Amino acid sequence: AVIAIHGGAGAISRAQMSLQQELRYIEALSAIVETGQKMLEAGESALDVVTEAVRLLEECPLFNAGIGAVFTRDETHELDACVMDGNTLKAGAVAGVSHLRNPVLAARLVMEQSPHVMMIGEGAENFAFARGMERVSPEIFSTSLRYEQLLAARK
């Protein structure tokens, strides 16, 4: 049994980033992969392990998912997620959601509690709310780091 996680690929340079900066990511990746390992060691399902790892990567403001989402042009957040179960080949996905704290739990909800793979926008949100998922303000995702990166990217 084994887990692998990622928090995104791209133009990470060393000349820009300090070691303390780098260690925050290393420590964050460490804690999440370790949580996953311990769940697998305890006999939790692959589905529950990838759901929890991605939920933790969402909660972590260092990673561009859930809390710490990048800003759109209009300075809000639009989040997307997918989950697939290799056992059943079932999958669930949401795209363009702003009012769900944890898109991967919404995606899992589409998988388990709908005959659909994919829901978008307010249909996805209302679907989740009708099953007791909390409505949040997209303000909860906003971070100074990602705002600063929006202003930088505009240049």
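The first residue of the sequence shown is number 1, and the count goes up from there.
When the mean C-alpha temperature factors of 8-16 and 143-151 are read from the deposited coordinates, 8-16 comes out higher. Once the C-alpha B-factors are averaged per stretch, 52-60 and 38-46 rank with 38-46 first. Which of 92, 115, 68, 86 has the largest Cα B-factor in the deposited entry comes down to 115. For residue 27, the recorded CA temperature factor ranks within the highest third of the chain's modelled residues.
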